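Undergrad: Sending over run-v8.txt (compact mmCIF, N, CA and C atoms and all ligand atoms).
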# COMPACT_ATOMS: atom_id res chain seq x y z
N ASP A 1 64.70 -16.90 -3.87
CA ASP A 1 66.18 -16.88 -3.87
C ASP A 1 66.71 -16.38 -5.21
N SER A 2 66.03 -16.75 -6.29
CA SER A 2 66.41 -16.34 -7.63
C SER A 2 65.19 -15.88 -8.42
N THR A 3 65.40 -14.96 -9.35
CA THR A 3 64.31 -14.43 -10.16
C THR A 3 64.70 -14.36 -11.64
N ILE A 4 63.92 -15.02 -12.49
CA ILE A 4 64.17 -15.01 -13.93
C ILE A 4 63.16 -14.08 -14.59
N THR A 5 63.66 -12.98 -15.15
CA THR A 5 62.79 -12.01 -15.81
C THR A 5 62.92 -12.14 -17.33
N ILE A 6 61.80 -12.37 -17.99
CA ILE A 6 61.76 -12.51 -19.44
C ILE A 6 61.07 -11.31 -20.07
N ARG A 7 61.74 -10.67 -21.01
CA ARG A 7 61.18 -9.50 -21.68
C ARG A 7 61.39 -9.55 -23.19
N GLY A 8 60.45 -8.96 -23.93
CA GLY A 8 60.54 -8.96 -25.38
C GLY A 8 59.36 -8.24 -26.01
N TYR A 9 59.31 -8.23 -27.34
CA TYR A 9 58.22 -7.55 -28.05
C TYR A 9 57.78 -8.32 -29.29
N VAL A 10 56.51 -8.17 -29.63
CA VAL A 10 55.95 -8.81 -30.82
C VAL A 10 55.53 -7.68 -31.75
N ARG A 11 55.99 -7.73 -33.00
CA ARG A 11 55.66 -6.69 -33.97
C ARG A 11 54.68 -7.18 -35.02
N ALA B 1 70.42 -30.43 5.34
CA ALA B 1 71.80 -29.94 5.03
C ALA B 1 71.82 -28.42 4.93
N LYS B 2 72.99 -27.83 5.15
CA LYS B 2 73.15 -26.39 5.08
C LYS B 2 73.04 -25.90 3.63
N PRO B 3 72.47 -24.71 3.43
CA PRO B 3 72.29 -24.12 2.10
C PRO B 3 73.56 -23.49 1.53
N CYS B 4 73.65 -23.45 0.20
CA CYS B 4 74.79 -22.83 -0.46
C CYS B 4 74.47 -21.34 -0.52
N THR B 5 75.28 -20.58 -1.24
CA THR B 5 75.06 -19.15 -1.39
C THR B 5 74.56 -18.87 -2.80
N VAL B 6 73.45 -18.15 -2.90
CA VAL B 6 72.87 -17.82 -4.20
C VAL B 6 73.69 -16.76 -4.92
N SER B 7 74.29 -17.14 -6.04
CA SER B 7 75.10 -16.22 -6.83
C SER B 7 74.22 -15.50 -7.85
N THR B 8 73.29 -16.23 -8.45
CA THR B 8 72.39 -15.67 -9.45
C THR B 8 71.10 -15.17 -8.80
N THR B 9 71.15 -13.96 -8.25
CA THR B 9 69.98 -13.38 -7.61
C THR B 9 69.00 -12.93 -8.69
N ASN B 10 69.54 -12.34 -9.75
CA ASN B 10 68.72 -11.85 -10.86
C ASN B 10 69.22 -12.43 -12.18
N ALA B 11 68.28 -12.76 -13.06
CA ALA B 11 68.61 -13.31 -14.37
C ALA B 11 67.61 -12.77 -15.39
N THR B 12 68.09 -11.95 -16.32
CA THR B 12 67.23 -11.38 -17.35
C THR B 12 67.39 -12.05 -18.70
N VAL B 13 66.26 -12.37 -19.33
CA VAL B 13 66.24 -12.99 -20.64
C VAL B 13 65.60 -12.02 -21.62
N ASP B 14 66.41 -11.48 -22.54
CA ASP B 14 65.91 -10.54 -23.53
C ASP B 14 65.65 -11.25 -24.85
N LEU B 15 64.38 -11.50 -25.14
CA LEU B 15 63.98 -12.18 -26.37
C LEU B 15 64.17 -11.27 -27.58
N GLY B 16 64.26 -9.97 -27.33
CA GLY B 16 64.42 -9.03 -28.42
C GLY B 16 63.11 -8.82 -29.14
N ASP B 17 63.17 -8.51 -30.43
CA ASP B 17 61.96 -8.31 -31.21
C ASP B 17 61.56 -9.54 -32.01
N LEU B 18 60.31 -9.95 -31.85
CA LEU B 18 59.78 -11.11 -32.55
C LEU B 18 58.65 -10.61 -33.45
N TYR B 19 58.62 -11.09 -34.68
CA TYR B 19 57.60 -10.68 -35.63
C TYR B 19 56.41 -11.64 -35.67
N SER B 20 55.22 -11.07 -35.80
CA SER B 20 53.99 -11.85 -35.83
C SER B 20 53.94 -12.90 -36.93
N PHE B 21 54.61 -12.64 -38.06
CA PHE B 21 54.60 -13.60 -39.16
C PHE B 21 55.36 -14.87 -38.84
N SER B 22 56.23 -14.81 -37.84
CA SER B 22 57.01 -15.98 -37.43
C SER B 22 56.35 -16.63 -36.22
N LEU B 23 55.19 -16.10 -35.84
CA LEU B 23 54.44 -16.62 -34.70
C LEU B 23 52.96 -16.71 -35.08
N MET B 24 52.70 -17.08 -36.33
CA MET B 24 51.34 -17.20 -36.83
C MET B 24 50.77 -18.60 -36.65
N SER B 25 51.59 -19.62 -36.90
CA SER B 25 51.15 -21.00 -36.78
C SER B 25 51.30 -21.52 -35.35
N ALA B 26 50.41 -22.43 -34.96
CA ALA B 26 50.44 -23.01 -33.62
C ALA B 26 51.76 -23.76 -33.42
N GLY B 27 52.40 -23.52 -32.28
CA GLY B 27 53.66 -24.19 -32.00
C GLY B 27 54.85 -23.31 -32.35
N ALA B 28 54.60 -22.26 -33.12
CA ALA B 28 55.67 -21.34 -33.52
C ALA B 28 56.26 -20.71 -32.27
N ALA B 29 57.56 -20.46 -32.29
CA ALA B 29 58.21 -19.87 -31.13
C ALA B 29 59.45 -19.07 -31.50
N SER B 30 60.05 -18.44 -30.49
CA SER B 30 61.26 -17.66 -30.68
C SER B 30 62.43 -18.62 -30.53
N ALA B 31 63.65 -18.08 -30.63
CA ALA B 31 64.84 -18.91 -30.48
C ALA B 31 65.05 -19.18 -29.00
N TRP B 32 65.85 -20.19 -28.69
CA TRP B 32 66.14 -20.53 -27.30
C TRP B 32 67.17 -19.57 -26.73
N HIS B 33 67.00 -19.21 -25.46
CA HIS B 33 67.92 -18.30 -24.79
C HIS B 33 68.49 -18.95 -23.53
N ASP B 34 69.82 -19.01 -23.45
CA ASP B 34 70.50 -19.60 -22.31
C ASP B 34 70.30 -18.78 -21.04
N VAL B 35 70.01 -19.49 -19.95
CA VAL B 35 69.83 -18.86 -18.65
C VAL B 35 70.41 -19.80 -17.60
N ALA B 36 71.30 -19.29 -16.77
CA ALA B 36 71.93 -20.12 -15.75
C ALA B 36 71.74 -19.62 -14.33
N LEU B 37 71.45 -20.56 -13.43
CA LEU B 37 71.28 -20.25 -12.01
C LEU B 37 72.48 -20.88 -11.33
N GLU B 38 73.27 -20.07 -10.64
CA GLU B 38 74.47 -20.57 -9.99
C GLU B 38 74.52 -20.37 -8.48
N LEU B 39 75.03 -21.38 -7.79
CA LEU B 39 75.17 -21.34 -6.34
C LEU B 39 76.64 -21.54 -5.99
N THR B 40 77.09 -20.92 -4.91
CA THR B 40 78.48 -21.03 -4.50
C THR B 40 78.60 -21.26 -3.00
N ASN B 41 79.84 -21.41 -2.53
CA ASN B 41 80.12 -21.61 -1.11
C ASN B 41 79.26 -22.69 -0.47
N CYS B 42 79.06 -23.80 -1.18
CA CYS B 42 78.27 -24.89 -0.64
C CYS B 42 79.04 -25.55 0.50
N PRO B 43 78.45 -25.60 1.70
CA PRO B 43 79.09 -26.21 2.87
C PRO B 43 79.39 -27.69 2.67
N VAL B 44 80.42 -28.19 3.33
CA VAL B 44 80.76 -29.60 3.23
C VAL B 44 79.59 -30.37 3.83
N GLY B 45 79.16 -31.43 3.16
CA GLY B 45 78.04 -32.21 3.65
C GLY B 45 76.83 -31.99 2.77
N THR B 46 76.80 -30.83 2.10
CA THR B 46 75.71 -30.49 1.20
C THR B 46 76.15 -30.89 -0.21
N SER B 47 75.51 -31.92 -0.76
CA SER B 47 75.87 -32.42 -2.08
C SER B 47 74.80 -32.28 -3.16
N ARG B 48 73.59 -31.90 -2.77
CA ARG B 48 72.51 -31.77 -3.73
C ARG B 48 71.70 -30.49 -3.57
N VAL B 49 71.35 -29.87 -4.70
CA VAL B 49 70.56 -28.65 -4.70
C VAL B 49 69.32 -28.86 -5.55
N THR B 50 68.15 -28.61 -4.95
CA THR B 50 66.89 -28.77 -5.66
C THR B 50 66.22 -27.42 -5.87
N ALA B 51 65.97 -27.08 -7.13
CA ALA B 51 65.33 -25.81 -7.46
C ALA B 51 63.84 -26.00 -7.73
N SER B 52 63.03 -25.15 -7.11
CA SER B 52 61.58 -25.20 -7.28
C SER B 52 61.15 -23.96 -8.05
N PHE B 53 60.57 -24.17 -9.22
CA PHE B 53 60.12 -23.08 -10.07
C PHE B 53 58.66 -22.72 -9.83
N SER B 54 58.37 -21.43 -9.78
CA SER B 54 57.00 -20.96 -9.57
C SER B 54 56.73 -19.68 -10.35
N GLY B 55 55.59 -19.65 -11.03
CA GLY B 55 55.22 -18.48 -11.81
C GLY B 55 53.79 -18.61 -12.30
N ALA B 56 53.18 -17.49 -12.64
CA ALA B 56 51.80 -17.49 -13.12
C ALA B 56 51.70 -18.22 -14.45
N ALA B 57 50.88 -19.26 -14.49
CA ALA B 57 50.69 -20.04 -15.71
C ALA B 57 49.28 -19.85 -16.24
N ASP B 58 49.14 -19.88 -17.57
CA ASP B 58 47.82 -19.72 -18.17
C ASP B 58 47.22 -21.09 -18.46
N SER B 59 46.07 -21.11 -19.12
CA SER B 59 45.37 -22.35 -19.44
C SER B 59 46.17 -23.38 -20.24
N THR B 60 47.24 -22.95 -20.91
CA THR B 60 48.04 -23.87 -21.70
C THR B 60 49.00 -24.67 -20.83
N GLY B 61 49.27 -24.17 -19.63
CA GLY B 61 50.18 -24.85 -18.73
C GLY B 61 51.51 -24.12 -18.64
N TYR B 62 51.85 -23.40 -19.70
CA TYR B 62 53.10 -22.65 -19.74
C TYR B 62 52.93 -21.35 -18.96
N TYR B 63 54.02 -20.60 -18.83
CA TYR B 63 53.99 -19.34 -18.10
C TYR B 63 53.24 -18.27 -18.88
N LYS B 64 52.27 -17.65 -18.21
CA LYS B 64 51.45 -16.61 -18.82
C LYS B 64 52.24 -15.35 -19.13
N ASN B 65 51.91 -14.72 -20.25
CA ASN B 65 52.58 -13.48 -20.64
C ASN B 65 51.89 -12.32 -19.93
N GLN B 66 52.63 -11.64 -19.07
CA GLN B 66 52.08 -10.51 -18.33
C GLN B 66 52.14 -9.24 -19.17
N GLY B 67 52.57 -9.39 -20.42
CA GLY B 67 52.66 -8.26 -21.32
C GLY B 67 51.36 -8.06 -22.08
N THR B 68 51.39 -7.21 -23.10
CA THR B 68 50.20 -6.93 -23.90
C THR B 68 50.03 -7.88 -25.09
N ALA B 69 51.11 -8.53 -25.50
CA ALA B 69 51.06 -9.46 -26.63
C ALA B 69 50.13 -10.63 -26.32
N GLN B 70 49.14 -10.84 -27.19
CA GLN B 70 48.19 -11.93 -27.01
C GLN B 70 48.62 -13.22 -27.69
N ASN B 71 48.07 -14.33 -27.23
CA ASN B 71 48.38 -15.65 -27.77
C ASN B 71 49.88 -15.95 -27.72
N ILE B 72 50.50 -15.56 -26.61
CA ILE B 72 51.92 -15.78 -26.39
C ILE B 72 52.16 -16.34 -24.99
N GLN B 73 52.96 -17.40 -24.92
CA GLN B 73 53.31 -18.05 -23.66
C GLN B 73 54.83 -18.12 -23.54
N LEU B 74 55.31 -18.32 -22.32
CA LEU B 74 56.75 -18.44 -22.08
C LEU B 74 57.04 -19.84 -21.58
N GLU B 75 58.09 -20.46 -22.12
CA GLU B 75 58.46 -21.80 -21.71
C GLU B 75 59.88 -21.89 -21.17
N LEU B 76 60.03 -22.59 -20.05
CA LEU B 76 61.31 -22.80 -19.40
C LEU B 76 61.65 -24.29 -19.46
N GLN B 77 62.85 -24.60 -19.92
CA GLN B 77 63.29 -25.99 -20.02
C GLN B 77 64.72 -26.12 -19.50
N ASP B 78 65.12 -27.33 -19.14
CA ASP B 78 66.49 -27.55 -18.70
C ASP B 78 67.27 -27.84 -19.98
N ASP B 79 68.58 -27.97 -19.89
CA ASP B 79 69.40 -28.23 -21.07
C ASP B 79 69.24 -29.64 -21.62
N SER B 80 68.30 -30.40 -21.07
CA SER B 80 68.05 -31.76 -21.54
C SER B 80 66.77 -31.82 -22.36
N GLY B 81 66.08 -30.68 -22.47
CA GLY B 81 64.85 -30.62 -23.24
C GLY B 81 63.59 -30.86 -22.43
N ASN B 82 63.73 -30.94 -21.11
CA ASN B 82 62.58 -31.17 -20.24
C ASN B 82 61.94 -29.86 -19.80
N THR B 83 60.64 -29.73 -20.06
CA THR B 83 59.89 -28.53 -19.70
C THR B 83 59.77 -28.39 -18.18
N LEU B 84 59.96 -27.17 -17.69
CA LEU B 84 59.87 -26.89 -16.26
C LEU B 84 58.80 -25.85 -15.98
N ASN B 85 57.54 -26.27 -16.10
CA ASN B 85 56.41 -25.38 -15.84
C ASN B 85 56.33 -25.07 -14.35
N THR B 86 55.41 -24.20 -13.97
CA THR B 86 55.26 -23.82 -12.57
C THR B 86 55.04 -25.04 -11.68
N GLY B 87 55.73 -25.06 -10.54
CA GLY B 87 55.60 -26.17 -9.62
C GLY B 87 56.63 -27.26 -9.83
N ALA B 88 57.29 -27.25 -10.98
CA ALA B 88 58.30 -28.25 -11.31
C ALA B 88 59.56 -28.07 -10.47
N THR B 89 60.31 -29.15 -10.30
CA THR B 89 61.55 -29.11 -9.54
C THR B 89 62.67 -29.78 -10.32
N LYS B 90 63.91 -29.41 -10.01
CA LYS B 90 65.07 -29.99 -10.67
C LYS B 90 66.20 -30.10 -9.66
N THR B 91 66.81 -31.28 -9.60
CA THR B 91 67.91 -31.53 -8.67
C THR B 91 69.23 -31.74 -9.38
N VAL B 92 70.25 -30.99 -8.98
CA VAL B 92 71.58 -31.11 -9.57
C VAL B 92 72.60 -31.44 -8.49
N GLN B 93 73.71 -32.05 -8.90
CA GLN B 93 74.77 -32.43 -7.97
C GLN B 93 75.77 -31.30 -7.78
N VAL B 94 76.19 -31.10 -6.53
CA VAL B 94 77.16 -30.07 -6.21
C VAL B 94 78.55 -30.48 -6.65
N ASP B 95 79.30 -29.52 -7.19
CA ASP B 95 80.67 -29.78 -7.63
C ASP B 95 81.58 -29.57 -6.43
N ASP B 96 81.97 -30.67 -5.80
CA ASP B 96 82.82 -30.61 -4.61
C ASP B 96 84.23 -30.08 -4.85
N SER B 97 84.60 -29.89 -6.11
CA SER B 97 85.93 -29.38 -6.42
C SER B 97 85.94 -27.86 -6.35
N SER B 98 84.77 -27.25 -6.49
CA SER B 98 84.65 -25.79 -6.44
C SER B 98 83.58 -25.33 -5.44
N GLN B 99 82.90 -26.29 -4.82
CA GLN B 99 81.85 -25.98 -3.85
C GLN B 99 80.73 -25.17 -4.49
N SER B 100 80.36 -25.52 -5.71
CA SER B 100 79.30 -24.80 -6.42
C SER B 100 78.31 -25.73 -7.11
N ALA B 101 77.17 -25.16 -7.50
CA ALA B 101 76.12 -25.90 -8.19
C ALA B 101 75.60 -25.00 -9.31
N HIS B 102 75.23 -25.59 -10.44
CA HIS B 102 74.76 -24.80 -11.58
C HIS B 102 73.51 -25.40 -12.21
N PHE B 103 72.62 -24.53 -12.68
CA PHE B 103 71.39 -24.95 -13.32
C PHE B 103 71.33 -24.39 -14.75
N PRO B 104 71.80 -25.16 -15.74
CA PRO B 104 71.79 -24.71 -17.14
C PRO B 104 70.38 -24.83 -17.72
N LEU B 105 69.71 -23.69 -17.89
CA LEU B 105 68.35 -23.69 -18.40
C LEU B 105 68.20 -22.97 -19.74
N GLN B 106 67.01 -23.10 -20.33
CA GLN B 106 66.71 -22.49 -21.62
C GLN B 106 65.32 -21.85 -21.55
N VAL B 107 65.18 -20.67 -22.15
CA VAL B 107 63.90 -19.96 -22.16
C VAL B 107 63.54 -19.49 -23.56
N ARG B 108 62.26 -19.58 -23.90
CA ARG B 108 61.77 -19.15 -25.20
C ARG B 108 60.30 -18.76 -25.11
N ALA B 109 59.85 -17.99 -26.09
CA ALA B 109 58.46 -17.57 -26.16
C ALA B 109 57.82 -18.43 -27.23
N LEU B 110 56.56 -18.81 -27.03
CA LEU B 110 55.86 -19.63 -28.01
C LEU B 110 54.37 -19.34 -28.02
N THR B 111 53.73 -19.65 -29.14
CA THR B 111 52.30 -19.45 -29.28
C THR B 111 51.65 -20.82 -29.47
N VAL B 112 50.97 -21.29 -28.43
CA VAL B 112 50.31 -22.59 -28.47
C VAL B 112 49.19 -22.66 -29.51
N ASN B 113 48.37 -21.61 -29.57
CA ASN B 113 47.26 -21.59 -30.52
C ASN B 113 47.56 -20.75 -31.76
N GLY B 114 48.77 -20.20 -31.82
CA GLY B 114 49.14 -19.38 -32.96
C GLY B 114 48.40 -18.07 -33.00
N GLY B 115 48.77 -17.20 -33.93
CA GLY B 115 48.12 -15.91 -34.05
C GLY B 115 48.57 -14.89 -33.02
N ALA B 116 49.87 -14.86 -32.74
CA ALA B 116 50.42 -13.92 -31.78
C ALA B 116 50.19 -12.50 -32.29
N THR B 117 49.77 -11.61 -31.39
CA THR B 117 49.50 -10.23 -31.76
C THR B 117 50.58 -9.28 -31.24
N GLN B 118 50.67 -8.11 -31.87
CA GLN B 118 51.65 -7.10 -31.48
C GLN B 118 51.49 -6.75 -30.01
N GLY B 119 52.61 -6.46 -29.35
CA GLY B 119 52.57 -6.11 -27.95
C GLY B 119 53.85 -6.47 -27.23
N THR B 120 53.88 -6.23 -25.92
CA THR B 120 55.06 -6.53 -25.12
C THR B 120 55.01 -7.94 -24.54
N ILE B 121 56.18 -8.46 -24.21
CA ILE B 121 56.31 -9.78 -23.61
C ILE B 121 57.00 -9.59 -22.27
N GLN B 122 56.34 -10.01 -21.20
CA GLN B 122 56.88 -9.86 -19.85
C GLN B 122 56.41 -10.99 -18.94
N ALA B 123 57.35 -11.58 -18.20
CA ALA B 123 57.04 -12.67 -17.28
C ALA B 123 58.17 -12.85 -16.28
N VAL B 124 57.82 -13.27 -15.08
CA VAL B 124 58.81 -13.48 -14.03
C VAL B 124 58.63 -14.84 -13.37
N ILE B 125 59.72 -15.60 -13.31
CA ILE B 125 59.71 -16.92 -12.70
C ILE B 125 60.57 -16.89 -11.44
N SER B 126 59.97 -17.24 -10.31
CA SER B 126 60.68 -17.26 -9.04
C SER B 126 61.25 -18.64 -8.76
N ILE B 127 62.43 -18.69 -8.17
CA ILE B 127 63.08 -19.95 -7.85
C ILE B 127 63.50 -20.00 -6.39
N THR B 128 63.20 -21.11 -5.73
CA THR B 128 63.57 -21.30 -4.33
C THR B 128 64.38 -22.59 -4.24
N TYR B 129 65.46 -22.56 -3.47
CA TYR B 129 66.33 -23.72 -3.35
C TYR B 129 66.24 -24.46 -2.02
N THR B 130 66.30 -25.79 -2.10
CA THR B 130 66.29 -26.66 -0.93
C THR B 130 67.58 -27.47 -1.06
N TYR B 131 68.15 -27.88 0.07
CA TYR B 131 69.41 -28.61 0.03
C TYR B 131 69.39 -29.92 0.81
N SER B 132 70.24 -30.85 0.38
CA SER B 132 70.35 -32.15 1.03
C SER B 132 71.77 -32.71 0.88
Y Y A 201 71.93 -24.16 -22.77
Please express what this file holds, its structure, as structure tokens.
Ligand SMILES: [Y+3]
TA:
Amino acid sequence: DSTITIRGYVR
Amino acid sequence: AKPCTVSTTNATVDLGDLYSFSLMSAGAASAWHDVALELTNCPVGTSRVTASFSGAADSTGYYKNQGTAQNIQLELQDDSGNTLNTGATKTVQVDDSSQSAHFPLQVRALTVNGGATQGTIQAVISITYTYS
């Protein structure tokens, strides 16, 4: 019913 | 009971850029990011909404990073500080004045064993609602 998308980067 | 209408079909959490030096020690993490799941048009008679969270979890128990960054996990918590790992559920009361329900959550990236390496961070948590 719902979707939580987590995005990011590690430098 | 009859189901409400899902308003928050998609919810994106952009952690932005995190540096390895701030994710070197075990327990180190990114800042908290607000994420809300909202339901509307709740039928009369339906007063409670239960959300069931599901997602790929690694050996630490937290959500596994599907990205290239190593030694990085994703954590989902409610606004009360309670962790909501895969399989967890949360029940909130419907607001009969507006016929809606809301799930105020928090998301952050963390390194359980420390030593996070350069790379991307990607993860998806699915939510299914039950009503009563
Ligand atoms: Y919050």
Undergrad: In Å to one decimal, how far is atom CA of residue 86 of chain B from atom CA of residue 126 of chain B?
TA: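 Between atom CA of residue 126 of chain B and atom CA of residue 86 of chain B the gap works out to 9.2 Å.
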Undergrad: Could you list, as a list in words, every residue within 10 Å of residue 56 of chain B, counting only C-alpha atoms and ignoring same-chain residues fewer than 3 positions away?
TA: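 Within the cut-off, the hits are residues 61, 62, 63, 64, 65, 66, 85, 86, 123, 124, 125 and 126 of chain B.
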Undergrad: With 9 Å as the cut-off and only C-alpha atoms and all ligand atoms counted, what is the closest atom pair between each nearby residue of chain B and ligand Y 201 (chain A)? Distances in Å to one decimal, ordered by chain and number, as a tab-separated table.
TA:
residue	atom	partner	partner_atom	distance
B:32	CA	A:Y201	Y	8.2
B:33	CA	A:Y201	Y	7.4
B:34	CA	A:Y201	Y	4.8
B:35	CA	A:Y201	Y	7.0
B:36	CA	A:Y201	Y	8.1
B:78	CA	A:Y201	Y	7.6
B:79	CA	A:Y201	Y	5.1
B:80	CA	A:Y201	Y	8.6
B:104	CA	A:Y201	Y	5.7
B:105	CA	A:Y201	Y	5.7
B:106	CA	A:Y201	Y	5.6
Undergrad: Can I get the selection written as a tab-separated table (two decimals), keeping the file's coordinate frame, with N, CA and C atoms?
TA:
chain	number	residue	atom	x	y	z
B	32	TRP	N	65.85	-20.19	-28.69
B	32	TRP	CA	66.14	-20.53	-27.30
B	32	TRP	C	67.17	-19.57	-26.73
B	33	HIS	N	67.00	-19.21	-25.46
B	33	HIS	CA	67.92	-18.30	-24.79
B	33	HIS	C	68.49	-18.95	-23.53
B	34	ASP	N	69.82	-19.01	-23.45
B	34	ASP	CA	70.50	-19.60	-22.31
B	34	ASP	C	70.30	-18.78	-21.04
B	35	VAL	N	70.01	-19.49	-19.95
B	35	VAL	CA	69.83	-18.86	-18.65
B	35	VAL	C	70.41	-19.80	-17.60
B	36	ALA	N	71.30	-19.29	-16.77
B	36	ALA	CA	71.93	-20.12	-15.75
B	36	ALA	C	71.74	-19.62	-14.33
B	78	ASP	N	65.12	-27.33	-19.14
B	78	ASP	CA	66.49	-27.55	-18.70
B	78	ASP	C	67.27	-27.84	-19.98
B	79	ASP	N	68.58	-27.97	-19.89
B	79	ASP	CA	69.40	-28.23	-21.07
B	79	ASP	C	69.24	-29.64	-21.62
B	80	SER	N	68.30	-30.40	-21.07
B	80	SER	CA	68.05	-31.76	-21.54
B	80	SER	C	66.77	-31.82	-22.36
B	104	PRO	N	71.80	-25.16	-15.74
B	104	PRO	CA	71.79	-24.71	-17.14
B	104	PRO	C	70.38	-24.83	-17.72
B	105	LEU	N	69.71	-23.69	-17.89
B	105	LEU	CA	68.35	-23.69	-18.40
B	105	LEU	C	68.20	-22.97	-19.74
B	106	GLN	N	67.01	-23.10	-20.33
B	106	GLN	CA	66.71	-22.49	-21.62
B	106	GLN	C	65.32	-21.85	-21.55
Undergrad: Between B:24, B:127, B:94, B:4, which is the closest to residue 11 of chain A once you count only C-alpha atoms?
TA: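 Ranked by minimum distance to residue 11 of chain A, first place goes to B:24.
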Undergrad: Point out the residue among B:75, B:23, B:2, B:119 with the least atom-to-atom distance to chain A, counting all atoms listed in the file.
TA: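 Closest residue, counting all atoms listed in the file: B:119.
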Undergrad: What is the distance, in Å and to one decimal place, between atom C of residue 50 of chain B and atom C of residue 72 of chain B?
TA: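 A separation of 26.2 Å between them.
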Undergrad: Expressed in Å to a single decimal, how great is the separation between atom N of residue 87 of chain B and atom N of residue 102 of chain B?
TA: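 Value for the atom N of residue 87 of chain B-atom N of residue 102 of chain B distance: 19.5 Å.
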Undergrad: Here is a test: counting only N, CA and C atoms, which residue of B:131, B:91, B:48, B:118 is nearest to chain A?
TA: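 Using only N, CA and C atoms, chain A sits closest to B:118.
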Undergrad: Looking only at the backbone, which of the residues in chain B does DSSP tag as strand (DSSP E or B), as number ranges by chain?
TA: B: 5-6, 10-18, 29, 33-40, 48-54, 57, 63-64, 73-78, 83, 89-93, 95, 100-110, 119-131
Undergrad: Tell me which of B:110, B:54, B:97, B:70 sits closest to residue 31 of chain B, counting only N, CA and C atoms.
TA: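 Distance minimum relative to residue 31 of chain B lands on B:110.
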Undergrad: Output as a list in words the set of chain B residues within 7 Å of chain A, with distances taken over only C-alpha atoms.
TA: residues 6, 8, 9, 10, 11, 12, 13, 14, 15, 16, 17, 18, 19, 20, 69, 117, 118, 119, 120, 121, 122, 123, 124, 125, 126, 127, 128 and 129 of chain B
Undergrad: Complete segment 120-132 of chain B with N, CA, C and O atoms (output as a PDB file, keeping the file's coordinate frame).
TA:
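This went into out-v7.pdb:
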ATOM      1  N   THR B 120      53.880  -6.230 -25.920  1.00  0.00           N
ATOM      2  CA  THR B 120      55.060  -6.530 -25.120  1.00  0.00           C
ATOM      3  C   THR B 120      55.010  -7.940 -24.540  1.00  0.00           C
ATOM      4  O   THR B 120      53.938  -8.529 -24.401  1.00  0.00           O
ATOM      5  N   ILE B 121      56.180  -8.460 -24.210  1.00  0.00           N
ATOM      6  CA  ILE B 121      56.310  -9.780 -23.610  1.00  0.00           C
ATOM      7  C   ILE B 121      57.000  -9.590 -22.270  1.00  0.00           C
ATOM      8  O   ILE B 121      58.115  -9.060 -22.207  1.00  0.00           O
ATOM      9  N   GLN B 122      56.340 -10.010 -21.200  1.00  0.00           N
ATOM     10  CA  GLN B 122      56.880  -9.860 -19.850  1.00  0.00           C
ATOM     11  C   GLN B 122      56.410 -10.990 -18.940  1.00  0.00           C
ATOM     12  O   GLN B 122      55.228 -11.322 -18.909  1.00  0.00           O
ATOM     13  N   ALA B 123      57.350 -11.580 -18.200  1.00  0.00           N
ATOM     14  CA  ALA B 123      57.040 -12.670 -17.280  1.00  0.00           C
ATOM     15  C   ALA B 123      58.170 -12.850 -16.280  1.00  0.00           C
ATOM     16  O   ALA B 123      59.331 -12.607 -16.599  1.00  0.00           O
ATOM     17  N   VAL B 124      57.820 -13.270 -15.080  1.00  0.00           N
ATOM     18  CA  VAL B 124      58.810 -13.480 -14.030  1.00  0.00           C
ATOM     19  C   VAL B 124      58.630 -14.840 -13.370  1.00  0.00           C
ATOM     20  O   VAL B 124      57.539 -15.193 -12.928  1.00  0.00           O
ATOM     21  N   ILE B 125      59.720 -15.600 -13.310  1.00  0.00           N
ATOM     22  CA  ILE B 125      59.710 -16.920 -12.700  1.00  0.00           C
ATOM     23  C   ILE B 125      60.570 -16.890 -11.440  1.00  0.00           C
ATOM     24  O   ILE B 125      61.749 -16.541 -11.484  1.00  0.00           O
ATOM     25  N   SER B 126      59.970 -17.240 -10.310  1.00  0.00           N
ATOM     26  CA  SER B 126      60.680 -17.260  -9.040  1.00  0.00           C
ATOM     27  C   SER B 126      61.250 -18.640  -8.760  1.00  0.00           C
ATOM     28  O   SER B 126      60.618 -19.656  -9.085  1.00  0.00           O
ATOM     29  N   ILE B 127      62.430 -18.690  -8.170  1.00  0.00           N
ATOM     30  CA  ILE B 127      63.080 -19.950  -7.850  1.00  0.00           C
ATOM     31  C   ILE B 127      63.500 -20.000  -6.390  1.00  0.00           C
ATOM     32  O   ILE B 127      64.096 -19.050  -5.871  1.00  0.00           O
ATOM     33  N   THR B 128      63.200 -21.110  -5.730  1.00  0.00           N
ATOM     34  CA  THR B 128      63.570 -21.300  -4.330  1.00  0.00           C
ATOM     35  C   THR B 128      64.380 -22.590  -4.240  1.00  0.00           C
ATOM     36  O   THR B 128      64.029 -23.587  -4.874  1.00  0.00           O
ATOM     37  N   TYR B 129      65.460 -22.560  -3.470  1.00  0.00           N
ATOM     38  CA  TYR B 129      66.330 -23.720  -3.350  1.00  0.00           C
ATOM     39  C   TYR B 129      66.240 -24.460  -2.020  1.00  0.00           C
ATOM     40  O   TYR B 129      66.109 -23.856  -0.953  1.00  0.00           O
ATOM     41  N   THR B 130      66.300 -25.790  -2.100  1.00  0.00           N
ATOM     42  CA  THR B 130      66.290 -26.660  -0.930  1.00  0.00           C
ATOM     43  C   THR B 130      67.580 -27.470  -1.060  1.00  0.00           C
ATOM     44  O   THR B 130      68.046 -27.715  -2.169  1.00  0.00           O
ATOM     45  N   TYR B 131      68.150 -27.880   0.070  1.00  0.00           N
ATOM     46  CA  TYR B 131      69.410 -28.610   0.030  1.00  0.00           C
ATOM     47  C   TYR B 131      69.390 -29.920   0.810  1.00  0.00           C
ATOM     48  O   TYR B 131      68.630 -30.088   1.757  1.00  0.00           O
ATOM     49  N   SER B 132      70.240 -30.850   0.380  1.00  0.00           N
ATOM     50  CA  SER B 132      70.350 -32.150   1.030  1.00  0.00           C
ATOM     51  C   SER B 132      71.770 -32.710   0.880  1.00  0.00           C
ATOM     52  O   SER B 132      72.531 -32.152   0.056  1.00  0.00           O
TER      53      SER B 132
END
